[PDB]
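Chain A is the first sequence line, chain B the second, and so forth, proteins listed ahead of strands; every chain is numbered from 1.
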2 protein chains.
Amino acid sequence: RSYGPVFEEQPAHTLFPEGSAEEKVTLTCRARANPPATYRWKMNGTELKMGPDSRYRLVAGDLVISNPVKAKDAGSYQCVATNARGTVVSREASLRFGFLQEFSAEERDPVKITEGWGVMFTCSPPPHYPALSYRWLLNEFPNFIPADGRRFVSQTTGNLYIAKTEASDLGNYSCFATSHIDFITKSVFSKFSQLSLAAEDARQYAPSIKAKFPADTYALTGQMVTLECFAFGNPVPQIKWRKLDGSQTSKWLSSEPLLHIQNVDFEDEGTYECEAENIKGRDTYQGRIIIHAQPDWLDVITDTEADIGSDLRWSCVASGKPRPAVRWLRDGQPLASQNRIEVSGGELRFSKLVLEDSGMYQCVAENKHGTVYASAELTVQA
Amino acid sequence: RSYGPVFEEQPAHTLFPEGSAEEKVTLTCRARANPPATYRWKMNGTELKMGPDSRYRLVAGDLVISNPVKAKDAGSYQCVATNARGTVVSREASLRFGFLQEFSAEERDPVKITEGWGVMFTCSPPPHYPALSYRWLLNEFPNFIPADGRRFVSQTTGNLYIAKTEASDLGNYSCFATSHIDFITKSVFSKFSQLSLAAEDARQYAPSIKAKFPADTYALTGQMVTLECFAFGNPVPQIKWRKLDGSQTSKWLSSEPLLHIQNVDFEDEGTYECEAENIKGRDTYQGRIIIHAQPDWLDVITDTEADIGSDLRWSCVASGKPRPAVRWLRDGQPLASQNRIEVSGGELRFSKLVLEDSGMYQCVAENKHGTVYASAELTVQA
């Protein structure tokens, strides 16, 4: 029998590695239907101008863009499936471009500090997207500086921190930055800056946390979260982490500059504290982790066959934080209250259906973190 | 001038290939000194009973064992260098014996499975040491089964996995095991088990990971790590690996059943995920890699000449994970707090030295993964 389009595959957010031999990018879309559906792609809300003289070409629903470039192709794409019965739109997919420029060719400033004092070297990474991973080189590639408790590289800024400088630190320093996309990895490093040391200060001193984490970190359920904390101090301080709670018993989560929380959930929300300590004293720093969640369906609409003149009750309920807002679509178009149709939140109610109400409908749930779609075909029969 | 023993060559862990024409094994040891030092070897803490009627013989410090056998020679050996000035002990060296027995002579059980289903053949390797490398033979040697994505041999168990059985799999199967020690290689293979197939199931099905890796893998810095993952599925699934991180961008490390990480360091610690996918669905499995490190010296004692009645400050600092514990030795004997000697961790302090305190001293740093030694000669002069 004949039935409206039903998505089996929708476009996914895509990051295209600039430069790669690949001279084109494809956005997937497939909808089963009877008769088979036809497709149309929209970018930033506007339909794509196809044709032989166009950079776009379709391959059974999938959109193919030749010679992709950010200046012209970066944006949000949507797939529209249509057939005799009706039309439904797909989730939107963002197309972004990855890149990593070299550091500047300018020589880097030297640093002179009293042996014993801690010091921070600034990376100043070049333009790039998406975020990079960082390491530092001593004198030459590939002499990377190990994470040995006294030397730490922030993965947020790329800056190198030495808790207590020592004579062995004399040398030149370079920031090494890496971009990893799919299976492709590209690294670039800066010119080297010379570290010299003034007469030593052998006096011990209490720790002072220099590298910290945000006052507020927002993460989504299922995501992984990493917080950083590093201090200067003599002797080299030791770092410990804990989550504040009612319990008055000692509980530690990490004994390293980094605190990792896998597959976070709502229970992980709270205030976390980093403690840096040595025989001279201690320093602490606190910040919060707030847990939100992308929308997800709890209840959705399903194909319904009703008799003409009848009243129908349709609804969609979605979870998420912040609480998502539900809206509706009719054959790919926004559906609002009207003659015999009342749209209030996730509830759609028809008053005395008409043979013409038949078609494809979709309820959309959205919040600051994402959007989800649910579709169904309504068949009003006399 | 006269000075205590100083090691130039210490014994190394040794694996002796049983059977080899070599009818003796040698453990190296050499210490420079004035006058030249004398040597003594200890096994499992007890000194070796030398002599002409003994299986042991010395060759300028090196220990030579005639007709080595596990039942009597397997153990930990230590070299002791001594001269007028004092005594120092060497790092310990383990002597182990390599072997590989044949598989049992018993016939192997046949296997019958529905064509389309995946299947696993159990190797059940015979007694051996150290770990072997594995392959499987089809019908006869040397018809090895290639790693073609559909057929995989676990290097942990030696088991053969076929992701989706097909008519071409009909035949007999044997587990081929290889021991490689130094330049010597020895392989043995099992009798063959017959694979027969029942009427085919042509229906496709989502992947299911059957061969996995440990929930927790501990590796040492500089070491190489290999993780395995293989699934049954129709169509044959494709495997992909990634390390979980804060970054929300797609990053893959391998597109094969094996994931190899060369020269691991602390940054490689984390949770890794194997994904098996085909057009019907996907399966995943996660496990962790934890990075530790053998002790290494940061600061050690050096020959010191102090005046009688003087106070001396000696210390040794070592890196490593878990944090190593430092202990001391005086002329090869455990040194603990006493009259004028206070031993606290890696620090040794004498209160008003005496002409008799002169001698050889050693600080030892140890953790679950290894031990390191540092020595120096103390010369108390009036």
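- Between the B:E347 side chain and the B:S344 main chain, no donor and acceptor come within less than 3.5 Å of each other.
- In terms of heavy atoms, B:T249 sits closest to A:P130 at CG2-CG, 3.5 Å.
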Scan the side chains in residues 131-142 of chain A for donor-acceptor partners under 3.5 Å anywhere in the protein, sequence neighbours excluded, and list what turns up.
{"unit_1": "A:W136", "atom_1": "NE1", "unit_2": "A:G158", "atom_2": "O", "d": "2.7"}
{"unit_1": "A:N139", "atom_1": "OD1", "unit_2": "A:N172", "atom_2": "N", "d": "2.9"}

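- In this structure, CD1 on A:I239 lies 4.5 Å from SG on A:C274, to the nearest 0.5 angstrom.
- Here the side chain of A:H13 pairs a donor or acceptor atom with the backbone of A:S94 at under 3.5 angstrom.
- At a threshold of 4.5 Å between non-hydrogen side-chain atoms, the residues A:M120 and A:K210 do not count as touching.
- The side-chain heavy atoms of B:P11 and B:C79, taken from C-beta on, include a pair separated by under 4.5 Å.
- Residues B:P324 and B:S319 approach most closely at CG-O, 3.5 Å, considering heavy atoms.
- At least one side-chain heavy atom of B:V364 sits less than 4.5 Å from a side-chain heavy atom of B:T371.
- Within the structure, salt bridge (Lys or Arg N to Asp or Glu O under 4.0 Å) pairs that include any residue of residues 150-162 of chain A comprise A:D148-A:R151, A:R150-A:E166, A:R150-A:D169 (at least two apart or interchain).
- Between B:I181 atom CD1 and B:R96 atom CZ the span is 12.0 Å, to the nearest 0.5 Å.
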Evaluate A:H260 against A:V225 for side chain to side chain contact (heavy atoms under 4.5 Å, CB included), listing each step before the verdict. CA-CA 6 Å; A:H260 302 289; A:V225 176; over 6 Å; no

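- Considering only residues two or more places apart in sequence or on other chains, B:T157 meets the side chain to side chain contact (heavy atoms under 4.5 Å, CB included) condition with B:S154, B:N159.
- In this structure, B:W328 contributes its side chain and B:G345 its backbone to a donor-acceptor pair below 3.5 Å.
- Using a distance-only test at 3.5 Å, with no hydrogens or angles considered, a donor-acceptor pair links the side chain of A:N278 to the main chain of A:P235.
- In this structure, A:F192 has its ring center no closer than 6.0 Å to that of A:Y173.
- Taking the charged nitrogens against the carboxylate oxygens, B:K212 and B:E228 have no contact shorter than 4.0 Å, which rules out a salt bridge.
- When side chains are defined from C-beta on, A:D268 does not count as touching A:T221, because their heavy atoms never get closer than 4.5 Å.
- With B:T14 contributing its side chain and B:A12 its backbone, the two residues share a donor-acceptor pair below 3.5 Å.
- The two atoms that bring B:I209 and B:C229 nearest to each other are CG2-SG, 3.7 Å, heavy atoms only.
- For A:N263, the side chain to side chain contact (heavy atoms under 4.5 Å, CB included) criterion is met by no residue, not counting sequence neighbours.
- Aromatic ring pairs are classed by plane angle as parallel below 30°, tilted from 30° to 60° and perpendicular above 60°; the pair A:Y161 and A:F152 is tilted.
- Considering only heavy atoms from C-beta on, A:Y272 stays 4.5 Å or farther from A:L244 through its side chain.
- No side-chain donor-acceptor contact under 3.5 Å links A:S254 and A:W252.
- Here B:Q78 contributes atom CD and B:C29 contributes atom SG; the two are 9.5 Å apart, rounded to the nearest 0.5 Å.
- Counting only distance, with no hydrogens or angles, the side chain of B:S375 and the backbone of B:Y373 share no donor-acceptor pair below 3.5 Å.
- With a 4.5 Å cut-off on side-chain heavy atoms, B:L227 and B:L258 do not count as touching.
- Two residues are said to be in side-chain contact when any heavy atoms from C-beta on lie closer than 4.5 Å; A:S179 and A:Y129 fail this criterion.
- Using a distance-only test at 3.5 Å, with no hydrogens or angles considered, no donor-acceptor pair links the side chain of A:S190 to the main chain of A:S174.
- Scanning for salt bridge (charged side-chain N to carboxylate O under 4.0 Å, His left out) contacts around A:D201 gives A:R203, with sequence neighbours left out.
- Ring centroid separation for the pair A:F232 and A:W117 does not come in under the 6.0 Å cut-off.
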List the steps, then state whether side chain to side chain contact (heavy atoms under 4.5 Å, CB included) holds for B:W314 with B:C363. CA-CA 10 Å; B:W314 258 4; B:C363 57; over 6 Å; no

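- The main-chain N or O of B:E377 is found under 3.5 Å from a side-chain atom of B:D303 such that the two form a donor-acceptor pair.
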Set out, in order, the CA-CA distance, both residues' side-chain angles and the distance that settles side chain to side chain contact (heavy atoms under 4.5 Å, CB included) for A:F103 and A:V188, then state yes or no. CA-CA 7 Å; A:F103 281 78; A:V188 295; 3.8 Å; yes

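- In this structure, CD1 on A:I261 lies 9.5 Å from CE on A:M224, to the nearest 0.5 angstrom.
- Contact record, B:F266 with A:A147: CD1-O, 3.4 Å, taken as the closest heavy-atom pair.
- Counted by atom type alone, B:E92 and B:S76 present one or more donor-acceptor pairs between their side chains at under 3.5 Å.
- Rounding to the nearest 0.5 Å places CG of A:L15 at 9.5 Å from CD1 of A:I184.
- Residue pairs that meet the side chain to side chain donor-acceptor pair (under 3.5 Å) test with at least one member in residues 281-292 of chain A, sequence neighbours left out, are A:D216-A:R288, A:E275-A:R282, A:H292-A:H369.
- The side chain to side chain donor-acceptor pair (under 3.5 Å) contacts involving residues 103-113 of chain A comprise A:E107-A:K191, where partners must be two or more places apart or lie in separate chains.
- The side chain to side chain contact (heavy atoms under 4.5 Å, CB included) check on B:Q248 picks up nothing, with sequence neighbours excluded.
- Using a 4.5 Å heavy-atom threshold, the side chains of B:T226 and B:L259 count as separate.
- The heavy-atom pair separating B:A376 from B:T302 by the smallest distance is CB-C, 3.5 Å.
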Carefully, step by step, assess A:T114 and A:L197 under the rule side chain to side chain contact (heavy atoms under 4.5 Å, CB included). CA-CA 5 Å; A:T114 291; A:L197 303 169; over 6 Å; no

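- In this view, A:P68 and A:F16, A:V25, A:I65, A:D73, A:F97 satisfy the side chain to side chain contact (heavy atoms under 4.5 Å, CB included) rule, not counting sequence neighbours.
- Between A:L170 and A:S196, the shortest heavy-atom distance links the atoms CD2-CA, 3.9 Å.
- Residues in residues 98-209 of chain A take part in these disulfide bond (SG atoms under 2.5 Å apart) pairs, two or more places apart or across chains: A:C123-A:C175.
- Sorted by first then second residue, the salt bridge (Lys or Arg N to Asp or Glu O under 4.0 Å) pairs that include residues 239-265 of chain B, not counting sequence neighbours, are B:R242-B:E273.
- For B:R32, the salt bridge (charged side-chain N to carboxylate O under 4.0 Å, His left out) test picks out B:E8, with sequence neighbours left out.
- Side chain of A:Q223 to main chain of A:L220: a donor-acceptor pair is present (N/O by atom type, distance under 3.5 Å, no hydrogens or angles).
- A:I113 contributes atom CD1, which lies 9.5 Å from atom CZ of A:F121 (distance to the nearest 0.5 angstrom).
- For the pair B:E269 (side chain) and B:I291 (backbone), a donor-acceptor distance under 3.5 Å is present.
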